[PDB]
Amino acid sequence: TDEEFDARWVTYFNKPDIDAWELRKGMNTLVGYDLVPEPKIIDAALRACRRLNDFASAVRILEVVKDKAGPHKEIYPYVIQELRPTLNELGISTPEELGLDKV
Amino acid sequence: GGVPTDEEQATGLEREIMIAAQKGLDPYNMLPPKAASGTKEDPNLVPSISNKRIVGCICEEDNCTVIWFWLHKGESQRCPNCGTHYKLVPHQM
Amino acid sequence: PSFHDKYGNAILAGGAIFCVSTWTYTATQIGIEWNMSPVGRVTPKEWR
Amino acid sequence: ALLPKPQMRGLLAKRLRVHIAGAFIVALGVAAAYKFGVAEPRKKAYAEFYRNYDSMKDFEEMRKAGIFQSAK
Amino acid sequence: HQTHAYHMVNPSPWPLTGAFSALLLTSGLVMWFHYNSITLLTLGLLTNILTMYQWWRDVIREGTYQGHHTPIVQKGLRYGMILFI
Amino acid sequence: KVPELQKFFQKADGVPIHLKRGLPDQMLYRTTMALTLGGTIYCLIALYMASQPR
Amino acid sequence: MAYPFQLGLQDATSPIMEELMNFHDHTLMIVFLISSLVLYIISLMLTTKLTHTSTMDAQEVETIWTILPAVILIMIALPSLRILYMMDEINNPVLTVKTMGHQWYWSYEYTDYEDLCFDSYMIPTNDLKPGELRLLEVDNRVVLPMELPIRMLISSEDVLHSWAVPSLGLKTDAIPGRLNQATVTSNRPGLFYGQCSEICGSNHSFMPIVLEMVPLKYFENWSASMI
Amino acid sequence: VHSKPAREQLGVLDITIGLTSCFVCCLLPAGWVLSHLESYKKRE
Amino acid sequence: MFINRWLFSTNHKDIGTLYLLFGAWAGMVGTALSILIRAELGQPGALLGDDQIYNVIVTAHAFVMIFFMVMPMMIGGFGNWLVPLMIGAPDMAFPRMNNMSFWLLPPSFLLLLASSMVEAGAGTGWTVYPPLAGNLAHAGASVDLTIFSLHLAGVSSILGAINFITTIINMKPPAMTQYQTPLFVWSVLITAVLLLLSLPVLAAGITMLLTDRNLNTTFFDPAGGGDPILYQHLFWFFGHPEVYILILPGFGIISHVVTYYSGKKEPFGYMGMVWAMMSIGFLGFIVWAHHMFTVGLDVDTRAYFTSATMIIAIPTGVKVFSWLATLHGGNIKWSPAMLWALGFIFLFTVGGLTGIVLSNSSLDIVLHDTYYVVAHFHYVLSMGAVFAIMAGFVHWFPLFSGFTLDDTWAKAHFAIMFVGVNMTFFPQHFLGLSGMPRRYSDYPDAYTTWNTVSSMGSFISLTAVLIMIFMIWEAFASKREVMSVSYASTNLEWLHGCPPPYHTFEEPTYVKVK
Amino acid sequence: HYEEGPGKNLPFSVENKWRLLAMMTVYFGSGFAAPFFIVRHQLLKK
Amino acid sequence: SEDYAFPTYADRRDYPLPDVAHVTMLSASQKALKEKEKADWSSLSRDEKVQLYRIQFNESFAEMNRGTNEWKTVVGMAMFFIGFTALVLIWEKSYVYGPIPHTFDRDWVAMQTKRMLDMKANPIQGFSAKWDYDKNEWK
Ligand code: HEA
Ligand code: HEA
Ligand code: CUA
Ligand SMILES: [Cu+2]
Ligand code: NA
């Protein structure tokens, strides 16, 4: 079910021996699913990207959530508004003010 | 009698493959390989002569699309979807 | 910084006027017999 | 101040099922439009032809034209 | 050096010889059936007979004198034979 | 005669397999190319005269 | 007769042809159903901004995805077998008439009593009467009476043709050495136009069949009027 | 499919030359036969 | 050196390149023949005077685009190019008969042109109906030249089929079975089976018609006990299997290109995909008399054959739903070949639906040898199959040359075909509804509207093939190379680079032990 | 050994754009014009 | 020479994180900003943020998946060579085609018009249906 789905995803993203290649594989096969990812899953991905220092892949998966919001753009405000403590204790900003949302 | 046997008649590539068969070796891929091991300490070994090699992994059971990629002589690389490990080894003389 | 910003609209406008002009020419100016439907406005007359 | 929880999962699934329902309803609408346009008018025009149609009298009124090879 | 267990076929003009030989034979049959010639027929029959002759001589040469016929290739040959028959 | 014919063939000299014999096989080679090319020229000229009316 | 800017098929004359065009229109709104389905699916399928490239299971669509085409094709095919039953129905042989495809033209025979055979050709464009159809008018039109089951007995002399009347909607293939029976009924007077319908040489477009519905009393007056 | 820039970037005029050449090399043969059709029809 | 590499070739890549160039040859000859037909049929009256010449050019049209480019790319060139590059084969098992097939194709082409050069002219249509092709109506050599050209094309297809099945089973790595591989294997496998199980009937037919003509047997002549229905039955027993030969490799390549450009890592419903393929191959033999709905056959046979055509229409619908399922839910990048794919699926769908309408038996009785049948097979094979052909041709053009093709001109071309073939062949639909028989040069006056607008559409097809000659020229002129290709992990054929080298797969593919 | 590369694995040389243009135009001109010359030949014969 | 060996960059939203970076060559100050990136995250400003993004990967989705005028220019080219096609029609109508048959004159088409109206050809829906036989004028 979705509960054990998200549980195995957060354990996969919070294993201590994560590196960029296998988190890339996990994120790509997460994108391949038919779902907007859970904010807890995005939170775990941001902790992993904090652990091995990937600003650009982190903002890339943020804008991946943005383009996965689809034809309606209310999902991304929800995702960020649970992500506000996480962004300001990792110090990361999102493209909507760091200047990649536009052309 | 009068009918010759393989060890006196069959020559060339027949000789290498038949002597390899009677010693129980497959140096020219007549049979599927063995020693399946996807773990870190025991990767999947691929014999070769060159730096460069094709692999195609059926990396889940009863799969449609074969995951093909390229092995180089160097560090072990893995399937991008399942996670079976691969090394190249230069001894297929 | 591409071809489709301004050359694209130039090509679409020029091709538009060129194609509509030559197709009104083919439809009307030669006067080929299309053998249109003679209903409505085309009238017959008597024969033996 | 705060936002409610919208759909994360099954979004394309509900989109596709409502769109194939729309596909079925627009297909039956297209067929009903084609029917009401041309199909039963064929049946009708045959009916008002043949309920009062008299084929022999039809034969005389193109026979006064004097066209028939068998009828001079 | 090759690593696969399959016979690498070297370039051959025998396809060209067989192709124009078959064309000559077909032209002979129609030329005889419509214009009564014999010489082109004799040329066509001789060139097919020789073409398959040293074609199959080349086949035996690469088969038993070279040993390229790995049993994978041999069972492929049996597949070709049963499909032909 | 199989092993001596085999070591007669595999000199590893790089010439293709239809030129393992020497002069007689190139003799037959050259005469078959000559006869097949002459045959196809004679076919094309015969078809051209068949095309042209009398 | 065919008219310019003809959208659909010829209007039916025979009752079998009115049934045939009813089944035709049945197939037509069926094909418009499925064409509307594929267009709406492809439009609202390409206009989607959502991706799903995971392993979606495929062994869950078999039963519905195979029973819906099965039922739609079976209710297509049931009127087809029914109309084949009205193809091979029992005839009441009111009249017979033979035709032969002679070499690029037609021949017609009434051999029931005072045997009559005649040949029909194409009236040329230069020799056309003022006010006749191009490529259709024939110096000897074949003439048949009102509302009688009449069997065309078709054959051909030296090359197979096809007796083809789209204004009665029947085309039947005149094989040499083999006569085929095709019954016709009609209910409306006048001229009815067709062709032959397989390739048979260098005047293939130049061989029509024009058929004249008259009352049977005037038909027998005609038959007495030739001979 | 990522691709390198054209090794030989055909200039504005060059493209026209190739385009016209194809059109001309195709229309001329057909038109030539069609133009002489009237004399052809005539049986001598 | 050139005579060794390209004349004396024993490699499948260069044999496929030769196949592609010969197919371009035959395709241009065929479109010129179709333009001769369309220019004669543009105006009421006779452009060519006698229409015996019209019959000769329409049967040349039929022969050249049924036998001389469609197998050469779609089965021949695409097959021997890609099948080793996706199986793992270093080469053909049977390259000398790959070379039989290719190098006996131009003798067949030359004998067909010789049949045209014959004073009589083989004016019999696509099919070789006796006694139209008999000793009296066609007393001449042209029919015999066509018969021997079809002999050479037939044996070309036999040896190609033997090579393709031998490669498609034998070259496979042993651990992977037939159900572990993508759709090229199953597509060319089932089509080579259909070649092998259909072509000998055609060869038999042309042989006994040949001895009917020349050395005087009476197999089809009813004056001494023959029957034309014999040749009819056997020739359509060939014809519809050859039809599904003309439709299935397009299915395989179109599924591959839809999976590629929809971004799918795996084509959905693969088991159902291959099941539909083998169902079509296994059932296409016993549906041949759907052309027999008006000859005089028994109504039990007619009912059985129309039921069988419904049953063969079922897995085509499975195929279409499988295509849409593959297209479902992906990153839809707008490649020109994906547009070719959309045009193929929609227009082939409506053509096959018109065929279902035809296979309604009494609808065939009113619509036999009619322009509606033309509208059928001219949406289906004249344009559906070739849309698959250009989709593959612009899809694997770097694999074939090493250079890319210009997408702007490519999709503008998909538009120019789109409008051209619609305005060409939908009027034929109108014409078949009006109801004239096929093989006509002069028509009644009421058909002028649709005839003229189809003539304009055919000239649109002319300027389209001019864009083909142009874009191949400019692609060769720019000769720009790729730097990266997508989905090479799931595409074996793109792994060796663009183009693949002379010796590919020297070391065969390593496979999982499982 | 055979030498490979992009474009040079094709039977016609791609060494010059103008020469390749000339070869392609004359080849495809012959291909397009062959059945025109055919139908011309039979209407000469008839 | 061959570059299918090393995994290749390809930016698309289906595989949104490619395995390999865009600019593998890294300068001295670029190495300095990379080790500062490896350091604490509270001292990074917007311009080096966007420059490190653009030097590790090429494009971002919100500026690459944009609808350009490529559809405009290709439909323009399509109907532009449609215009050239119409010019070809003009040329071939002027030079290739001969006279119309005499069967299309206005008096002659009136002759057959009266003919098939007198025959009541397809009088149900097709042609004679739109004609009245009482007032002798089209409906
Ligand atoms: C590739 C070529 C091709 C293909 C696929 C087909 C496919 C079919 N053909 Fe056709 N056919 C030809 C090529 C082809 N044909 C040719 C060349 C001739 C001329 C021979 C001659 O000269 O006499 C011919 C002639 C021909 C006739 C001859 C008419 C006559 O006697 O004059 C008939 C009639 O039965 C027929 C029927 C069919 C049917 C029923 C199919 C089916 O297989 C169609 C299947 C394809 C589909 C796309 C199905 C669509 C259905 C769905 C998508 C399911 C969804 C629908 C619902 C849910 C209702 N064909
Ligand atoms: C594939 C087969 C094919 C193709 C493409 C076509 C294409 C066309 N056909 Fe076809 N036609 C037949 C097969 C084909 N036809 C057959 C089998 C018959 C029956 C003959 C008979 O009656 O006996 C027939 C009959 C036929 C008639 C007979 C009607 C009659 O005489 O009563 C007419 C007339 O309108 C016609 C017209 C056309 C037109 C206008 C095109 C246009 O679409 C022309 C456009 C074609 C192309 C654009 C070709 C595309 C190919 C390439 C671009 C090359 C690709 C190669 C590489 C990329 C390497 N055809
Ligand atoms: Cu008689 Cu066609
Ligand atoms: Cu069939
Ligand atoms: Na004409």
# chains A, B, ... in the order shown; residues from 1 in each chain; ligands from 1
$ residues_around --residues "residue 22 (chain D)" --least-positions-apart "3" --cutoff "12 Å" --atoms "only C-alpha atoms" --output "list in words"
residues 15, 16, 17, 18, 19, 25, 26, 27, 28, 29 and 30 of chain D; 36, 37, 39, 40, 41 and 44 of chain G
$ write_last_selection --atoms "C-alpha atoms" --output "tab-separated table (two decimals), in the first residue's frame"
chain	number	residue	atom	x	y	z
D	15	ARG	CA	-8.34	12.30	-15.26
D	16	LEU	CA	-8.20	9.35	-17.65
D	17	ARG	CA	-11.40	7.73	-16.38
D	18	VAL	CA	-13.40	10.96	-16.59
D	19	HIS	CA	-11.90	11.56	-20.04
D	25	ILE	CA	-20.47	10.17	-24.31
D	26	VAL	CA	-19.06	12.18	-27.23
D	27	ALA	CA	-18.95	9.04	-29.40
D	28	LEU	CA	-22.60	8.27	-28.73
D	29	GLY	CA	-23.36	11.96	-29.29
D	30	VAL	CA	-21.59	11.87	-32.66
G	36	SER	CA	-14.76	9.77	-32.56
G	37	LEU	CA	-13.31	7.59	-29.78
G	39	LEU	CA	-9.85	11.23	-32.08
G	40	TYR	CA	-11.02	12.30	-28.62
G	41	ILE	CA	-8.59	9.87	-26.96
G	44	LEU	CA	-6.95	14.61	-24.78
$ residues_around --residues "residue 10 (chain F)" --least-positions-apart "4" --cutoff "9 Å" --atoms "only C-alpha atoms" --output "number ranges by chain"
E: 65-66; F: 5-6, 20
$ residues_around --residues "region 54-63 of chain B" --least-positions-apart "2" --cutoff "7 Å" --atoms "only C-alpha atoms" --output "JSON, numbers by chain"
{"B": [65, 66, 67, 68, 69, 70, 71, 82], "I": [180, 509, 510, 511, 512]}
$ residues_around --residues "residue 47 (chain C)" --least-positions-apart "6" --cutoff "9 Å" --atoms "only C-alpha atoms" --output "PyMOL selection string"
(chain G and resi 130-131) or (chain K and resi 111+114-115)
$ write_last_selection --atoms "N, CA, C and O atoms" --output "PDB file, in the first residue's frame"
ATOM      1  N   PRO G 130     -27.725  14.361 -79.260  1.00  0.00           N
ATOM      2  CA  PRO G 130     -27.711  15.559 -78.412  1.00  0.00           C
ATOM      3  C   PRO G 130     -28.624  15.421 -77.207  1.00  0.00           C
ATOM      4  O   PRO G 130     -29.851  15.414 -77.332  1.00  0.00           O
ATOM      5  N   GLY G 131     -28.019  15.321 -76.034  1.00  0.00           N
ATOM      6  CA  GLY G 131     -28.739  15.122 -74.804  1.00  0.00           C
ATOM      7  C   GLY G 131     -28.638  13.742 -74.177  1.00  0.00           C
ATOM      8  O   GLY G 131     -29.574  13.337 -73.485  1.00  0.00           O
TER       9      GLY G 131
ATOM     10  N   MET K 111     -28.806  19.894 -71.189  1.00  0.00           N
ATOM     11  CA  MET K 111     -29.445  18.752 -71.845  1.00  0.00           C
ATOM     12  C   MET K 111     -29.476  17.538 -70.925  1.00  0.00           C
ATOM     13  O   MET K 111     -30.541  16.952 -70.686  1.00  0.00           O
ATOM     14  N   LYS K 114     -31.864  18.189 -67.786  1.00  0.00           N
ATOM     15  CA  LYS K 114     -33.246  17.857 -68.104  1.00  0.00           C
ATOM     16  C   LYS K 114     -33.424  16.360 -68.288  1.00  0.00           C
ATOM     17  O   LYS K 114     -34.473  15.820 -67.926  1.00  0.00           O
ATOM     18  N   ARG K 115     -32.393  15.664 -68.782  1.00  0.00           N
ATOM     19  CA  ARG K 115     -32.517  14.224 -68.976  1.00  0.00           C
ATOM     20  C   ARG K 115     -32.686  13.483 -67.651  1.00  0.00           C
ATOM     21  O   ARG K 115     -33.647  12.723 -67.485  1.00  0.00           O
TER      22      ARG K 115
END
$ residues_near_ligand --ligand "ligand 3" --cutoff "10 Å" --atoms "only C-alpha atoms and all ligand atoms" --output "mmCIF file with N, CA, C and O atoms, in the first residue's frame"
data_model
loop_
_atom_site.group_PDB
_atom_site.id
_atom_site.type_symbol
_atom_site.label_atom_id
_atom_site.label_comp_id
_atom_site.auth_asym_id
_atom_site.auth_seq_id
_atom_site.Cartn_x
_atom_site.Cartn_y
_atom_site.Cartn_z
ATOM 1 N N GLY G 101 -20.419 -11.535 -71.733
ATOM 2 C CA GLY G 101 -19.422 -10.544 -72.047
ATOM 3 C C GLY G 101 -18.717 -10.967 -73.314
ATOM 4 O O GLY G 101 -17.845 -11.842 -73.287
ATOM 5 N N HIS G 102 -19.114 -10.382 -74.439
ATOM 6 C CA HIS G 102 -18.351 -10.570 -75.656
ATOM 7 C C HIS G 102 -17.181 -9.601 -75.646
ATOM 8 O O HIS G 102 -17.036 -8.785 -74.729
ATOM 9 N N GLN G 103 -16.345 -9.682 -76.678
ATOM 10 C CA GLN G 103 -14.994 -9.156 -76.526
ATOM 11 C C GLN G 103 -15.097 -7.633 -76.567
ATOM 12 O O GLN G 103 -15.129 -7.016 -77.633
ATOM 13 N N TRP G 104 -15.209 -7.064 -75.371
ATOM 14 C CA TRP G 104 -15.252 -5.673 -74.918
ATOM 15 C C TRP G 104 -16.667 -5.115 -75.008
ATOM 16 O O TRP G 104 -16.823 -3.884 -74.947
ATOM 17 N N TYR G 105 -17.696 -5.940 -75.168
ATOM 18 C CA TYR G 105 -19.070 -5.436 -75.221
ATOM 19 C C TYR G 105 -19.994 -6.503 -74.646
ATOM 20 O O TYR G 105 -19.534 -7.533 -74.146
ATOM 21 N N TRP G 106 -21.306 -6.274 -74.703
ATOM 22 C CA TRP G 106 -22.207 -7.193 -74.028
ATOM 23 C C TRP G 106 -23.179 -7.814 -75.021
ATOM 24 O O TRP G 106 -23.362 -7.326 -76.136
ATOM 25 N N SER G 156 -19.239 -15.200 -70.034
ATOM 26 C CA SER G 156 -18.409 -14.381 -70.901
ATOM 27 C C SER G 156 -17.718 -15.284 -71.908
ATOM 28 O O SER G 156 -17.583 -16.492 -71.698
ATOM 29 N N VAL G 159 -12.932 -13.457 -72.060
ATOM 30 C CA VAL G 159 -12.292 -12.833 -70.906
ATOM 31 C C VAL G 159 -13.389 -12.537 -69.893
ATOM 32 O O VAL G 159 -14.510 -12.185 -70.265
ATOM 33 N N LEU G 160 -13.081 -12.737 -68.613
ATOM 34 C CA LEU G 160 -14.073 -12.506 -67.573
ATOM 35 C C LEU G 160 -14.383 -11.019 -67.448
ATOM 36 O O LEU G 160 -13.490 -10.172 -67.522
ATOM 37 N N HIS G 161 -15.661 -10.706 -67.278
ATOM 38 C CA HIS G 161 -16.119 -9.341 -67.047
ATOM 39 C C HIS G 161 -16.844 -9.314 -65.702
ATOM 40 O O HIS G 161 -16.808 -10.279 -64.942
ATOM 41 N N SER G 162 -17.507 -8.201 -65.404
ATOM 42 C CA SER G 162 -18.460 -8.168 -64.300
ATOM 43 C C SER G 162 -19.653 -7.329 -64.706
ATOM 44 O O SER G 162 -19.509 -6.122 -64.918
ATOM 45 N N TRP G 163 -20.815 -7.966 -64.790
ATOM 46 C CA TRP G 163 -22.067 -7.244 -64.955
ATOM 47 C C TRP G 163 -22.286 -6.403 -63.706
ATOM 48 O O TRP G 163 -22.417 -6.951 -62.609
ATOM 49 N N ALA G 164 -22.280 -5.076 -63.849
ATOM 50 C CA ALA G 164 -22.270 -4.191 -62.694
ATOM 51 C C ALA G 164 -23.342 -3.136 -62.877
ATOM 52 O O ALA G 164 -23.272 -2.343 -63.817
ATOM 53 N N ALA G 174 -18.703 -12.355 -64.540
ATOM 54 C CA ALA G 174 -18.924 -13.241 -65.678
ATOM 55 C C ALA G 174 -17.611 -13.926 -66.029
ATOM 56 O O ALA G 174 -16.801 -13.396 -66.796
ATOM 57 N N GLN G 195 -21.784 -0.500 -65.419
ATOM 58 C CA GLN G 195 -20.600 -0.773 -66.228
ATOM 59 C C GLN G 195 -20.320 -2.274 -66.206
ATOM 60 O O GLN G 195 -21.110 -3.073 -65.689
ATOM 61 N N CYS G 196 -19.189 -2.668 -66.792
ATOM 62 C CA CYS G 196 -18.562 -3.921 -66.376
ATOM 63 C C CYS G 196 -17.416 -3.610 -65.413
ATOM 64 O O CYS G 196 -16.856 -2.512 -65.430
ATOM 65 N N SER G 197 -17.075 -4.583 -64.558
ATOM 66 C CA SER G 197 -16.264 -4.265 -63.382
ATOM 67 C C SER G 197 -15.096 -5.224 -63.119
ATOM 68 O O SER G 197 -14.795 -5.517 -61.961
ATOM 69 N N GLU G 198 -14.418 -5.720 -64.156
ATOM 70 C CA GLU G 198 -13.007 -6.093 -64.031
ATOM 71 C C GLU G 198 -12.250 -5.715 -65.289
ATOM 72 O O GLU G 198 -12.832 -5.527 -66.363
ATOM 73 N N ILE G 199 -10.928 -5.609 -65.123
ATOM 74 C CA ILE G 199 -10.046 -5.233 -66.220
ATOM 75 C C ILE G 199 -10.111 -6.294 -67.303
ATOM 76 O O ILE G 199 -9.962 -7.493 -67.043
ATOM 77 N N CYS G 200 -10.426 -5.859 -68.511
ATOM 78 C CA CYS G 200 -10.522 -6.768 -69.637
ATOM 79 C C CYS G 200 -10.088 -6.116 -70.949
ATOM 80 O O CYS G 200 -10.599 -6.472 -72.015
ATOM 81 N N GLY G 201 -9.150 -5.167 -70.892
ATOM 82 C CA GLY G 201 -8.492 -4.705 -72.100
ATOM 83 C C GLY G 201 -8.382 -3.204 -72.327
ATOM 84 O O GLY G 201 -8.324 -2.424 -71.377
ATOM 85 N N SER G 202 -8.346 -2.807 -73.600
ATOM 86 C CA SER G 202 -8.087 -1.437 -74.008
ATOM 87 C C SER G 202 -9.354 -0.679 -74.392
ATOM 88 O O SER G 202 -9.274 0.318 -75.121
ATOM 89 N N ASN G 203 -10.515 -1.160 -73.974
ATOM 90 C CA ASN G 203 -11.745 -0.379 -73.964
ATOM 91 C C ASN G 203 -12.544 -0.707 -72.711
ATOM 92 O O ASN G 203 -13.771 -0.855 -72.752
ATOM 93 N N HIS G 204 -11.849 -0.835 -71.575
ATOM 94 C CA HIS G 204 -12.486 -1.316 -70.352
ATOM 95 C C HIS G 204 -13.464 -0.292 -69.793
ATOM 96 O O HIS G 204 -14.531 -0.656 -69.286
ATOM 97 N N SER G 205 -13.129 0.994 -69.897
ATOM 98 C CA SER G 205 -14.035 2.049 -69.466
ATOM 99 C C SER G 205 -15.207 2.235 -70.415
ATOM 100 O O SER G 205 -16.123 3.001 -70.099
ATOM 101 N N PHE G 206 -15.203 1.549 -71.553
ATOM 102 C CA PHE G 206 -16.047 1.870 -72.694
ATOM 103 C C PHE G 206 -17.124 0.807 -72.892
ATOM 104 O O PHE G 206 -17.466 0.446 -74.020
ATOM 105 N N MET G 207 -17.662 0.291 -71.788
ATOM 106 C CA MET G 207 -18.655 -0.784 -71.833
ATOM 107 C C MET G 207 -19.611 -0.718 -70.630
ATOM 108 O O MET G 207 -19.312 -1.169 -69.504
ATOM 109 N N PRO G 208 -20.755 -0.047 -70.829
ATOM 110 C CA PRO G 208 -21.770 0.094 -69.787
ATOM 111 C C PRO G 208 -22.883 -0.929 -69.904
ATOM 112 O O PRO G 208 -22.935 -1.725 -70.846
ATOM 113 N N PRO I 437 -16.303 1.265 -61.198
ATOM 114 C CA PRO I 437 -15.308 0.192 -61.115
ATOM 115 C C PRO I 437 -13.889 0.713 -61.275
ATOM 116 O O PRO I 437 -13.642 1.797 -61.808
ATOM 117 N N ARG I 438 -12.944 -0.093 -60.793
ATOM 118 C CA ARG I 438 -11.529 0.224 -60.878
ATOM 119 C C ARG I 438 -11.023 0.037 -62.306
ATOM 120 O O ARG I 438 -11.759 -0.381 -63.206
ATOM 121 N N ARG I 439 -9.739 0.363 -62.500
ATOM 122 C CA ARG I 439 -9.023 0.178 -63.768
ATOM 123 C C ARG I 439 -9.678 0.949 -64.913
ATOM 124 O O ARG I 439 -9.772 0.459 -66.040
ATOM 125 N N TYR I 440 -10.129 2.165 -64.628
ATOM 126 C CA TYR I 440 -10.720 3.030 -65.638
ATOM 127 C C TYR I 440 -9.841 4.239 -65.914
ATOM 128 O O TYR I 440 -9.257 4.822 -64.996
#
$ residues_around --residues "region 2-6 of chain C" --least-positions-apart "2" --cutoff "7 Å" --atoms "only C-alpha atoms" --output "MDAnalysis selection string"
(chainID C and resid 8:10) or (chainID K and resid 69:70 73)
$ residues_near_ligand --ligand "ligand 1" --cutoff "6 Å" --atoms "only C-alpha atoms and all ligand atoms" --output "ChimeraX atom specification"
/G:34,69,72 /I:243-244,246-247,290-291,309,313,316-317,320,348-349,352-353,355-356,358-359,364,368-369,373,377,380-381
$ residues_around --residues "region 36-44 of chain C" --least-positions-apart "5" --cutoff "9 Å" --atoms "only C-alpha atoms" --output "PyMOL selection string"
(chain G and resi 3-6) or (chain I and resi 446+448-449) or (chain K and resi 107+109-115+127+130-131+137-139)
$ interface_residues --of "chain K" --to "chain A" --cutoff "12 Å" --atoms "only C-alpha atoms" --output "ChimeraX atom specification"
/K:11-21,34-67
$ atom_distance --atom1 "CA of residue 23 (chain B)" --atom2 "CA of residue 8 (chain F)"
29.1 Å
$ atom_distance --atom1 "CA of residue 146 (chain G)" --atom2 "CA of residue 45 (chain C)"
29.9 Å
$ residues_around --residues "residue 47 (chain B)" --least-positions-apart "4" --cutoff "8 Å" --atoms "only C-alpha atoms" --output "number ranges by chain"
B: 88-92
$ write_last_selection --atoms "N, CA, C and O atoms" --output "CSV table (one decimal), in the first residue's frame"
chain,number,residue,atom,x,y,z
B,88,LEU,N,34.8,-6.4,-15.4
B,88,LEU,CA,35.4,-7.0,-16.6
B,88,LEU,C,36.7,-7.6,-16.2
B,88,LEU,O,37.5,-7.0,-15.4
B,89,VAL,N,37.1,-8.7,-16.8
B,89,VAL,CA,38.4,-9.3,-16.5
B,89,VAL,C,39.0,-9.8,-17.8
B,89,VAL,O,38.4,-10.5,-18.6
B,90,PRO,N,40.3,-9.4,-18.1
B,90,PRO,CA,41.0,-9.7,-19.3
B,90,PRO,C,41.7,-11.1,-19.4
B,90,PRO,O,42.9,-11.1,-19.3
B,91,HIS,N,41.0,-12.2,-19.6
B,91,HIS,CA,41.7,-13.4,-19.7
B,91,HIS,C,41.1,-14.4,-20.7
B,91,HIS,O,41.5,-15.6,-20.7
B,92,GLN,N,40.3,-13.9,-21.7
B,92,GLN,CA,39.7,-14.8,-22.6
B,92,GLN,C,40.5,-15.1,-23.8
B,92,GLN,O,40.1,-15.0,-25.0
$ interface_residues --of "chain I" --to "chain F" --cutoff "12 Å" --atoms "only C-alpha atoms" --output "list in words"
residues 4, 8, 107, 110, 111, 112, 113, 114, 115, 116, 117, 118, 119, 120, 121, 140, 141, 142 and 145 of chain I
